[PDB]
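Visitor: Sharing a structure with you now.
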Amino acid sequence: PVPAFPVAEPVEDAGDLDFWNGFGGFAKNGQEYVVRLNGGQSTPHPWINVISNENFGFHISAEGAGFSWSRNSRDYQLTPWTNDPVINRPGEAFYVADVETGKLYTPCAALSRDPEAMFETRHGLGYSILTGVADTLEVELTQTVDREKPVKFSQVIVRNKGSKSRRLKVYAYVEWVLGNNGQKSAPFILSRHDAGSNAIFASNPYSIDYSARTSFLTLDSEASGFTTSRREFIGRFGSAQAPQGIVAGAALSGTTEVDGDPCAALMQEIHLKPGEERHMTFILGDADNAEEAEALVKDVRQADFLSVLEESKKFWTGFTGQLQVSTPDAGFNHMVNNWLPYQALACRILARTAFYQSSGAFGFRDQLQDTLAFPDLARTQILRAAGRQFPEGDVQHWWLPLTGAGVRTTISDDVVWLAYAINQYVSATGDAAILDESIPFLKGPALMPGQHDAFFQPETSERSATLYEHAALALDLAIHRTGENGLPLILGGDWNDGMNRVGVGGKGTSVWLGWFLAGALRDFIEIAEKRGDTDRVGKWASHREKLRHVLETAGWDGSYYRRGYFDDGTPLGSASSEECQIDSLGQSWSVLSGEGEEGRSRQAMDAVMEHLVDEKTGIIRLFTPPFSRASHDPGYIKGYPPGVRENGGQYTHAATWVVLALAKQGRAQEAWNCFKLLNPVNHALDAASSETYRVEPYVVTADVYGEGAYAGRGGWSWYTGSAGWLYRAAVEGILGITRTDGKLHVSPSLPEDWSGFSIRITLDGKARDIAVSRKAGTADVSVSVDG
């Protein structure tokens, strides 16, 4: 029978915690985050930290988790991923239970139900350390991965600070599911073991795309035994806490037959001494082909473990330490300097996977809008994206990282983001040699007018063109796709894909699209003029003038800017409609694009506070009226519950636009208020009050529910499009630091309470300590502003 569930005894609030919450807080310098919890208790949701490589990556929770993938997410995977906040049973487990007494100790909170045990977990930059103290026995687990090698490392250190010699048995548990979905590859998963090399080879020839990928688990020692069937490790009448493979017997038989559940384990008996510690090293790597697999294991086992650890530490310190600030705020320094670049890199470049989201397909709009925070990586990204443009003018919205195949969507905004990125690169770096390069074209079976998208197989063609022509073709197609009213047709959608089927063989359009095209064209005309194309710039200027006239005449609702029109001519974003009363996209981008009138921009900004009054929820909601009934069928957003995600909820990607617009106009106090409001740090969760928040405070979350009795909680964390935008906002709008022509400029608007800040930037190998006084000045020498 089940022996009930043991309740904890709570944990006291100790010192050395800046943001001392009920589970953990900052541990100074903003580099290490410590979580203190007792047995039987855990955070409301798995608090996740991601550590990833160029062709590898995994994320571990504060109480035990694991998700290893080699090539891409949703296509190759090592350990199961369970998006279950309430249970979240880990796919990997480590046991250090004593041989004699049989008492079970684990370094993870979720793997132990003992109320008297001490658990602590740290999630640093590039590594995570889990330590567990249970009855005079201390076990420490370190998580890290290698560079240039798709391999994962795990170090278990057991401290026997007792008075008697103890015999300890160590278990290493792992599950092998090599596919997008479970229970679809388990009957056809094969596992092998080698006597010469202490490793267990796991392969899944059933996978259509991966018929030769091999995975291994090895230890830097000799293995007494091993198991390959969860019917032996866990068996029947047990769970993760009580495997029953540790009580009824202490020997694992070598099995090679396939069962309904694949697993791998390595056995090693340890005879510890009081005051003596042993250092282990568990290897979690994978590589195609048996020869490459054995070469990888023989290199990894022999080379080292720690050297990888300090290599990763120095890598993640140097790349996140390029720009640092010394603002008086205890949350800005601890999060903007390190956590924001760490999250941005490890998510949007290395591993586009979180505990709540999994997306293995590249996005044309995503990566273009992602790298603007920091410069060679931006050039590489924009060159990679330029290769997915068809000669007709459409761009590839999604494509596989390796084969390059993907769907072609009828969306209209994506073809224009290339021009904005080109303009930003030309402004910042100033290298005009990027725009004249040889980029091949891809040929496809095209899209039927009656379907949204088709997958097909793109094939390269022997018709190359320059990047300037690559952007010009897309811009010209956008000009062709303009509607009767003169505004660009939404067609397949806009920046927010939730509002689908607004057009599709109709005259539905969006104002934000027109503003974005005008903003991009205002600089593309100058680029083409400097490259000498009068015919293009003439019509571009004419269309820009007509579009601005339409925006300033037919785009004004009387007190703010409309969103657009429907296929039947019903206005969108207007006050007349019962829903979609105010849309912040157009209001923000009217100021951001630089066109329009200052008075009209200020009037639109006045209506922004109509949805900013929700200070109790602390979110910048996009649409104030919830969408519950489909009066005119705006799209599939109606499926999203009201107050959730884009239906009256929180979208930090569109929320930072308001902060940027406020900062540009000079409303620094309101900009700082919104920045603190948008900051997950100190977002009503200080010690114990915001148990409903349930989400990580040290990283930005895309969606926070703002309506209903369940409002006040975030969602969709660690995978957000607003990390880079938040970093850019913190760099420029609130600090007055920007690099517009390759030379640093200082035009700050300091907060009333801050009253002073100092920054250090290392550009071109020159690290300069820039200190900003109340009005003007610099630490190295007194210099004028914007100099």
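To be explicit about the labels: the chains of the structure tokens are called A, B, and onward in the order shown, and within each one the residues are counted from 1, while ligands get numbers from 1 in the order they are shown.
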For residue 694 in chain A, list every protein, DNA or RNA residue within 9 Å, evaluated using only C-alpha atoms, and leave out those in the same chain fewer than 4 positions away; present the list as a list in words.
Guide: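 Contacts, in chain order: residues 43, 44, 45, 46, 690, 713, 714 and 715 of chain A.
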Visitor: Take the residues from that selection and write them out as a PDB file, in the first residue's frame, keeping N, CA and C atoms.
Guide:
ATOM      1  N   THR A  43       8.761  24.892  -6.322  1.00  0.00           N
ATOM      2  CA  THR A  43       8.238  26.114  -6.902  1.00  0.00           C
ATOM      3  C   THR A  43       6.896  25.833  -7.572  1.00  0.00           C
ATOM      4  N   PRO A  44       6.032  26.848  -7.686  1.00  0.00           N
ATOM      5  CA  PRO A  44       4.723  26.617  -8.320  1.00  0.00           C
ATOM      6  C   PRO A  44       4.821  26.066  -9.732  1.00  0.00           C
ATOM      7  N   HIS A  45       5.811  26.493 -10.510  1.00  0.00           N
ATOM      8  CA  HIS A  45       6.099  25.903 -11.805  1.00  0.00           C
ATOM      9  C   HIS A  45       7.588  25.616 -11.907  1.00  0.00           C
ATOM     10  N   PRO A  46       7.968  24.592 -12.670  1.00  0.00           N
ATOM     11  CA  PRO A  46       9.392  24.319 -12.906  1.00  0.00           C
ATOM     12  C   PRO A  46      10.147  25.569 -13.331  1.00  0.00           C
ATOM     13  N   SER A 690       2.947  36.787  -4.084  1.00  0.00           N
ATOM     14  CA  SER A 690       2.518  36.363  -5.418  1.00  0.00           C
ATOM     15  C   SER A 690       2.785  34.872  -5.636  1.00  0.00           C
ATOM     16  N   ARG A 713      -0.922  35.925 -13.404  1.00  0.00           N
ATOM     17  CA  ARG A 713       0.094  34.900 -13.589  1.00  0.00           C
ATOM     18  C   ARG A 713       0.658  34.966 -15.001  1.00  0.00           C
ATOM     19  N   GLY A 714       1.965  34.736 -15.116  1.00  0.00           N
ATOM     20  CA  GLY A 714       2.626  34.732 -16.401  1.00  0.00           C
ATOM     21  C   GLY A 714       2.536  33.388 -17.097  1.00  0.00           C
ATOM     22  N   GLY A 715       3.085  33.350 -18.305  1.00  0.00           N
ATOM     23  CA  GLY A 715       3.093  32.128 -19.084  1.00  0.00           C
ATOM     24  C   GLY A 715       3.991  32.266 -20.290  1.00  0.00           C
TER      25      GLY A 715
END
Visitor: Please give the complete set of residues from range 568-693 of chain A that DSSP, run on the backbone, assigns to helix (DSSP H, G or I), formatted as an MDAnalysis selection string.
Guide: chainID A and resid 584:593 598:612 636:639 652:665 668:678
Visitor: Please, which residues in range 522-563 of chain A fall within 12 Å of range 605-625 of chain A when counting only C-alpha atoms, and what is the closest atom pair and distance in Å to one decimal for each, ordered by chain then residue number, as a Markdown table?
Guide:
| residue | atom | partner | partner_atom | distance |
| --- | --- | --- | --- | --- |
| A:557 | CA | A:607 | CA | 11.6 |
| A:558 | CA | A:607 | CA | 11.2 |
| A:559 | CA | A:607 | CA | 7.6 |
| A:560 | CA | A:607 | CA | 6.8 |
| A:561 | CA | A:607 | CA | 9.7 |
| A:563 | CA | A:623 | CA | 11.0 |
Visitor: Would you mind reading off the distance between CA of residue 390 in chain A and CA of residue 536 in chain A, one decimal, in Å?
Guide: 20.0 Å
Visitor: At a cut-off of 9 Å, can you tabulate as a Markdown table every residue of range 349-439 of chain A near range 57-81 of chain A together with its closest atom pair and the distance in Å to one decimal, using only C-alpha atoms and ordering rows by chain then number?
Guide:
| residue | atom | partner | partner_atom | distance |
| --- | --- | --- | --- | --- |
| A:350 | CA | A:57 | CA | 7.3 |
| A:351 | CA | A:57 | CA | 6.1 |
| A:352 | CA | A:73 | CA | 7.8 |
| A:353 | CA | A:73 | CA | 7.0 |
| A:354 | CA | A:59 | CA | 7.5 |
| A:355 | CA | A:81 | CA | 7.8 |
| A:358 | CA | A:73 | CA | 6.5 |
| A:359 | CA | A:73 | CA | 6.4 |
| A:360 | CA | A:73 | CA | 4.6 |
| A:361 | CA | A:73 | CA | 8.3 |
| A:400 | CA | A:72 | CA | 8.8 |
| A:401 | CA | A:72 | CA | 7.8 |
| A:402 | CA | A:71 | CA | 8.6 |
Visitor: Could you name the residues that touch range 213-219 of chain A at 8 Å or less, counting only C-alpha atoms, but leaving out those on the same chain fewer than 2 positions away, as number ranges by chain?
Guide: A: 78, 198-205, 210-211, 221-223, 264-266, 280-290, 293, 297, 301
Visitor: Do a neighbour search on residue 331 in chain A at 8 Å with only C-alpha atoms, toss out local chain neighbours closer than 4 positions, and write the hits as an MDAnalysis selection string.
Guide: chainID A and resid 335:336 681:682
Visitor: Might you pull out every residue within 10 Å of residue 25 in chain A, with only C-alpha atoms counted and same-chain residues fewer than 2 positions away left off, and present them as a list in words?
Guide: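 Final neighbour list, sorted by chain and number: residues 16, 17, 18, 19, 20, 21, 22, 23, 27, 28, 32, 33, 34, 35, 36, 686, 687, 697 and 698 of chain A.
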Visitor: For the residues selected in the previous step, produce a file with N, CA, C and O atoms as a CSV table (one decimal), in the first residue's frame.
Guide:
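part-v5.csv written:
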chain,number,residue,atom,x,y,z
A,16,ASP,N,21.7,37.0,2.8
A,16,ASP,CA,22.4,36.9,1.5
A,16,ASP,C,21.5,36.7,0.4
A,16,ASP,O,21.9,36.1,-0.6
A,17,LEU,N,20.3,37.3,0.4
A,17,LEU,CA,19.3,37.2,-0.7
A,17,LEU,C,18.7,38.6,-0.9
A,17,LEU,O,18.0,39.1,0.0
A,18,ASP,N,19.1,39.2,-2.0
A,18,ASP,CA,18.5,40.5,-2.4
A,18,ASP,C,17.0,40.5,-2.5
A,18,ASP,O,16.3,41.1,-1.7
A,19,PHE,N,16.5,39.7,-3.5
A,19,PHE,CA,15.1,39.6,-3.6
A,19,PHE,C,14.7,38.3,-2.9
A,19,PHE,O,14.4,37.2,-3.6
A,20,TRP,N,14.6,38.3,-1.6
A,20,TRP,CA,14.3,37.2,-0.8
A,20,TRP,C,12.9,36.7,-0.9
A,20,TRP,O,12.0,37.2,-0.2
A,21,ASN,N,12.6,35.8,-1.8
A,21,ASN,CA,11.3,35.2,-2.0
A,21,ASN,C,11.1,34.0,-1.1
A,21,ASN,O,12.0,33.7,-0.3
A,22,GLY,N,10.0,33.3,-1.3
A,22,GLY,CA,9.7,32.1,-0.5
A,22,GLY,C,10.5,30.9,-1.0
A,22,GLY,O,10.4,29.8,-0.4
A,23,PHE,N,11.2,31.0,-2.2
A,23,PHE,CA,11.8,29.8,-2.7
A,23,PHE,C,13.3,30.1,-3.0
A,23,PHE,O,14.2,29.2,-3.0
A,27,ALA,N,21.7,36.1,-5.9
A,27,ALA,CA,22.9,35.8,-5.1
A,27,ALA,C,24.1,36.7,-5.5
A,27,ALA,O,25.2,36.2,-5.8
A,28,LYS,N,23.8,38.0,-5.7
A,28,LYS,CA,24.7,39.1,-6.0
A,28,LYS,C,25.4,38.9,-7.3
A,28,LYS,O,25.5,37.8,-7.8
A,32,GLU,N,24.7,34.2,-10.4
A,32,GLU,CA,24.3,32.9,-9.8
A,32,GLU,C,22.9,33.2,-9.1
A,32,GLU,O,22.8,34.2,-8.4
A,33,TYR,N,22.0,32.3,-9.3
A,33,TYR,CA,20.7,32.3,-8.7
A,33,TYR,C,20.5,31.1,-7.9
A,33,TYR,O,20.6,30.0,-8.4
A,34,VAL,N,20.2,31.3,-6.6
A,34,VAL,CA,20.1,30.2,-5.6
A,34,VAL,C,18.7,30.0,-5.2
A,34,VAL,O,18.0,30.9,-4.9
A,35,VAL,N,18.2,28.7,-5.2
A,35,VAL,CA,16.9,28.3,-4.8
A,35,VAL,C,17.0,27.5,-3.5
A,35,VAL,O,17.7,26.4,-3.6
A,36,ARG,N,16.4,27.8,-2.4
A,36,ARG,CA,16.4,27.1,-1.2
A,36,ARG,C,15.0,26.5,-0.9
A,36,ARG,O,14.1,27.3,-0.9
A,686,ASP,N,7.6,39.5,-4.0
A,686,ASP,CA,8.8,39.9,-3.2
A,686,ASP,C,9.2,38.8,-2.2
A,686,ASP,O,10.4,38.4,-2.3
A,687,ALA,N,8.3,38.4,-1.3
A,687,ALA,CA,8.6,37.3,-0.4
A,687,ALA,C,7.7,36.1,-0.6
A,687,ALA,O,8.2,35.0,-0.9
A,697,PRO,N,10.9,34.9,-12.1
A,697,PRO,CA,11.0,36.4,-12.1
A,697,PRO,C,12.3,36.9,-12.7
A,697,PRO,O,12.3,38.1,-13.1
A,698,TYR,N,13.3,36.1,-12.9
A,698,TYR,CA,14.6,36.5,-13.4
A,698,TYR,C,14.7,36.5,-14.9
A,698,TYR,O,15.7,36.8,-15.5
Visitor: Looking only at the backbone, which of the residues in range 184-350 of chain A does DSSP tag as strand (DSSP E or B), as an mmCIF file with N, CA, C and O atoms, in the first residue's frame?
Guide:
data_model
loop_
_atom_site.group_PDB
_atom_site.id
_atom_site.type_symbol
_atom_site.label_atom_id
_atom_site.label_comp_id
_atom_site.auth_asym_id
_atom_site.auth_seq_id
_atom_site.Cartn_x
_atom_site.Cartn_y
_atom_site.Cartn_z
ATOM 1 N N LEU A 190 16.032 0.405 -30.206
ATOM 2 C CA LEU A 190 17.045 -0.609 -29.957
ATOM 3 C C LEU A 190 18.138 -0.044 -29.061
ATOM 4 O O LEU A 190 18.502 1.131 -29.175
ATOM 5 N N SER A 191 18.656 -0.885 -28.169
ATOM 6 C CA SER A 191 19.721 -0.505 -27.250
ATOM 7 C C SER A 191 20.811 -1.565 -27.267
ATOM 8 O O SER A 191 20.522 -2.762 -27.361
ATOM 9 N N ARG A 192 22.061 -1.119 -27.178
ATOM 10 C CA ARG A 192 23.216 -2.005 -27.203
ATOM 11 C C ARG A 192 24.180 -1.623 -26.088
ATOM 12 O O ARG A 192 24.186 -0.488 -25.604
ATOM 13 N N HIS A 193 25.000 -2.591 -25.687
ATOM 14 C CA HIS A 193 26.018 -2.387 -24.667
ATOM 15 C C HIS A 193 27.341 -2.967 -25.146
ATOM 16 O O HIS A 193 27.374 -3.931 -25.917
ATOM 17 N N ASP A 194 28.436 -2.371 -24.681
ATOM 18 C CA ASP A 194 29.784 -2.796 -25.033
ATOM 19 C C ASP A 194 30.549 -3.139 -23.764
ATOM 20 O O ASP A 194 30.513 -2.383 -22.788
ATOM 21 N N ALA A 199 29.783 1.840 -21.799
ATOM 22 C CA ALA A 199 28.761 2.717 -22.350
ATOM 23 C C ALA A 199 27.620 1.875 -22.897
ATOM 24 O O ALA A 199 27.792 0.699 -23.229
ATOM 25 N N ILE A 200 26.446 2.494 -22.988
ATOM 26 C CA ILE A 200 25.248 1.857 -23.521
ATOM 27 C C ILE A 200 24.836 2.634 -24.762
ATOM 28 O O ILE A 200 24.460 3.810 -24.672
ATOM 29 N N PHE A 201 24.896 1.982 -25.921
ATOM 30 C CA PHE A 201 24.564 2.620 -27.187
ATOM 31 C C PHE A 201 23.070 2.499 -27.455
ATOM 32 O O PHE A 201 22.514 1.397 -27.427
ATOM 33 N N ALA A 202 22.425 3.633 -27.713
ATOM 34 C CA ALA A 202 20.999 3.687 -28.000
ATOM 35 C C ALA A 202 20.789 4.256 -29.395
ATOM 36 O O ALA A 202 21.324 5.320 -29.723
ATOM 37 N N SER A 203 20.010 3.547 -30.210
ATOM 38 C CA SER A 203 19.718 3.971 -31.571
ATOM 39 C C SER A 203 18.247 3.730 -31.872
ATOM 40 O O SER A 203 17.616 2.844 -31.291
ATOM 41 N N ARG A 213 21.316 7.768 -36.198
ATOM 42 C CA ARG A 213 21.761 8.497 -35.018
ATOM 43 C C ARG A 213 21.886 7.547 -33.833
ATOM 44 O O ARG A 213 20.973 6.765 -33.553
ATOM 45 N N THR A 214 23.018 7.620 -33.138
ATOM 46 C CA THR A 214 23.296 6.778 -31.985
ATOM 47 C C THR A 214 23.544 7.650 -30.761
ATOM 48 O O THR A 214 24.181 8.703 -30.857
ATOM 49 N N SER A 215 23.040 7.203 -29.614
ATOM 50 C CA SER A 215 23.203 7.911 -28.355
ATOM 51 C C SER A 215 23.830 6.979 -27.328
ATOM 52 O O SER A 215 23.625 5.764 -27.363
ATOM 53 N N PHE A 216 24.599 7.562 -26.409
ATOM 54 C CA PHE A 216 25.346 6.776 -25.439
ATOM 55 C C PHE A 216 25.320 7.447 -24.074
ATOM 56 O O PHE A 216 25.157 8.665 -23.960
ATOM 57 N N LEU A 217 25.487 6.626 -23.037
ATOM 58 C CA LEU A 217 25.692 7.087 -21.670
ATOM 59 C C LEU A 217 26.881 6.325 -21.108
ATOM 60 O O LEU A 217 26.863 5.090 -21.071
ATOM 61 N N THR A 218 27.907 7.050 -20.672
ATOM 62 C CA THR A 218 29.127 6.422 -20.187
ATOM 63 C C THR A 218 29.620 7.136 -18.938
ATOM 64 O O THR A 218 29.275 8.291 -18.675
ATOM 65 N N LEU A 219 30.436 6.420 -18.168
ATOM 66 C CA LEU A 219 31.009 6.921 -16.928
ATOM 67 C C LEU A 219 32.520 6.745 -16.971
ATOM 68 O O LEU A 219 33.032 5.810 -17.592
ATOM 69 N N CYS A 263 15.596 2.169 -21.485
ATOM 70 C CA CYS A 263 16.336 2.931 -20.490
ATOM 71 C C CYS A 263 17.776 2.443 -20.461
ATOM 72 O O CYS A 263 18.098 1.373 -20.988
ATOM 73 N N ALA A 264 18.638 3.243 -19.839
ATOM 74 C CA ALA A 264 20.045 2.903 -19.682
ATOM 75 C C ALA A 264 20.511 3.328 -18.298
ATOM 76 O O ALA A 264 20.108 4.381 -17.794
ATOM 77 N N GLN A 268 27.971 1.487 -10.088
ATOM 78 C CA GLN A 268 29.297 1.696 -9.512
ATOM 79 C C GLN A 268 29.158 1.735 -7.996
ATOM 80 O O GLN A 268 28.535 2.653 -7.456
ATOM 81 N N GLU A 269 29.731 0.742 -7.319
ATOM 82 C CA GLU A 269 29.716 0.703 -5.864
ATOM 83 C C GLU A 269 30.845 1.562 -5.309
ATOM 84 O O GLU A 269 31.991 1.460 -5.757
ATOM 85 N N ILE A 270 30.520 2.405 -4.331
ATOM 86 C CA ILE A 270 31.476 3.318 -3.720
ATOM 87 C C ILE A 270 31.553 3.012 -2.231
ATOM 88 O O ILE A 270 30.523 2.935 -1.553
ATOM 89 N N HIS A 271 32.773 2.839 -1.730
ATOM 90 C CA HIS A 271 33.033 2.608 -0.310
ATOM 91 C C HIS A 271 33.707 3.861 0.236
ATOM 92 O O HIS A 271 34.937 3.972 0.223
ATOM 93 N N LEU A 272 32.900 4.804 0.709
ATOM 94 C CA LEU A 272 33.401 6.090 1.166
ATOM 95 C C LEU A 272 33.984 5.986 2.573
ATOM 96 O O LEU A 272 33.773 5.012 3.298
ATOM 97 N N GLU A 277 35.935 12.285 -0.238
ATOM 98 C CA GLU A 277 34.965 12.513 -1.298
ATOM 99 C C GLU A 277 35.466 11.928 -2.612
ATOM 100 O O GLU A 277 36.667 11.938 -2.900
ATOM 101 N N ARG A 278 34.528 11.416 -3.406
ATOM 102 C CA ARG A 278 34.810 10.884 -4.730
ATOM 103 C C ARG A 278 34.108 11.735 -5.778
ATOM 104 O O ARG A 278 32.953 12.133 -5.594
ATOM 105 N N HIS A 279 34.807 12.013 -6.874
ATOM 106 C CA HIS A 279 34.279 12.840 -7.949
ATOM 107 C C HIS A 279 33.937 11.973 -9.153
ATOM 108 O O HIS A 279 34.818 11.322 -9.726
ATOM 109 N N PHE A 282 29.382 11.904 -15.297
ATOM 110 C CA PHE A 282 28.428 11.220 -16.160
ATOM 111 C C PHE A 282 28.345 11.942 -17.498
ATOM 112 O O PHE A 282 28.200 13.169 -17.541
ATOM 113 N N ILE A 283 28.437 11.179 -18.583
ATOM 114 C CA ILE A 283 28.493 11.716 -19.938
ATOM 115 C C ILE A 283 27.186 11.392 -20.647
ATOM 116 O O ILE A 283 26.749 10.234 -20.663
ATOM 117 N N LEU A 284 26.565 12.414 -21.232
ATOM 118 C CA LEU A 284 25.319 12.280 -21.984
ATOM 119 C C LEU A 284 25.542 12.877 -23.371
ATOM 120 O O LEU A 284 25.256 14.052 -23.607
ATOM 121 N N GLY A 285 26.050 12.057 -24.296
ATOM 122 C CA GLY A 285 26.326 12.507 -25.641
ATOM 123 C C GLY A 285 25.721 11.568 -26.669
ATOM 124 O O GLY A 285 25.263 10.468 -26.347
ATOM 125 N N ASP A 286 25.732 12.025 -27.919
ATOM 126 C CA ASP A 286 25.177 11.244 -29.013
ATOM 127 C C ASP A 286 25.843 11.655 -30.320
ATOM 128 O O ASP A 286 26.209 12.819 -30.498
ATOM 129 N N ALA A 287 26.001 10.688 -31.221
ATOM 130 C CA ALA A 287 26.609 10.934 -32.519
ATOM 131 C C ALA A 287 26.201 9.821 -33.472
ATOM 132 O O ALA A 287 26.029 8.671 -33.064
ATOM 133 N N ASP A 288 26.055 10.178 -34.745
ATOM 134 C CA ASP A 288 25.687 9.202 -35.760
ATOM 135 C C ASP A 288 26.827 8.218 -36.000
ATOM 136 O O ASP A 288 28.005 8.549 -35.840
ATOM 137 N N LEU A 323 29.101 44.393 -22.353
ATOM 138 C CA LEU A 323 28.506 45.649 -21.916
ATOM 139 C C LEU A 323 27.927 45.460 -20.522
ATOM 140 O O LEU A 323 27.124 44.548 -20.300
ATOM 141 N N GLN A 324 28.332 46.319 -19.592
ATOM 142 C CA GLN A 324 27.867 46.267 -18.215
ATOM 143 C C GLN A 324 27.507 47.668 -17.744
ATOM 144 O O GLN A 324 28.046 48.662 -18.239
ATOM 145 N N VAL A 325 26.588 47.737 -16.780
ATOM 146 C CA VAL A 325 26.140 49.001 -16.211
ATOM 147 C C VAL A 325 26.226 48.913 -14.694
ATOM 148 O O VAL A 325 26.319 47.830 -14.112
#
Visitor: Between CA of residue 635 in chain A and CA of residue 501 in chain A, what is the distance, to one decimal in Å?
Guide: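 For CA of residue 635 in chain A relative to CA of residue 501 in chain A, the distance reads 5.8 Å.
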Visitor: To one decimal place, how far is CA of residue 366 in chain A from CA of residue 385 in chain A in Å?
Guide: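 The value is 10.2 Å.
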Visitor: I'd like the neighbourhood of residue 735 in chain A as JSON, numbers by chain, where a residue qualifies if any of its atoms comes within 9 Å (using only C-alpha atoms), though same-chain residues fewer than 3 positions away should be ignored.
Guide: {"A": [729, 730, 731, 732, 738, 746, 747, 748, 749, 750, 757]}
Visitor: Tell me, as a PyMOL selection string, which residues lie within 9 Å of range 649-661 of chain A, counting only C-alpha atoms; anything in the same chain fewer than 4 positions away does not count.
Guide: chain A and resi 584-585+587-592+605+608+619-624+626+642-645+665-668+670-675+678+700-707+714+720-723+725-726+729+732-734
Visitor: Would you mind telling me which residue in A:496, A:327, A:412, A:438 lies nearest to residue 517 in chain A when using only C-alpha atoms?
Guide: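 The closest residue to residue 517 in chain A is A:412.
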Visitor: For residue 142 in chain A, which of A:29, A:743, A:128, A:461 is the closest residue, counting only C-alpha atoms?
Guide: A:128
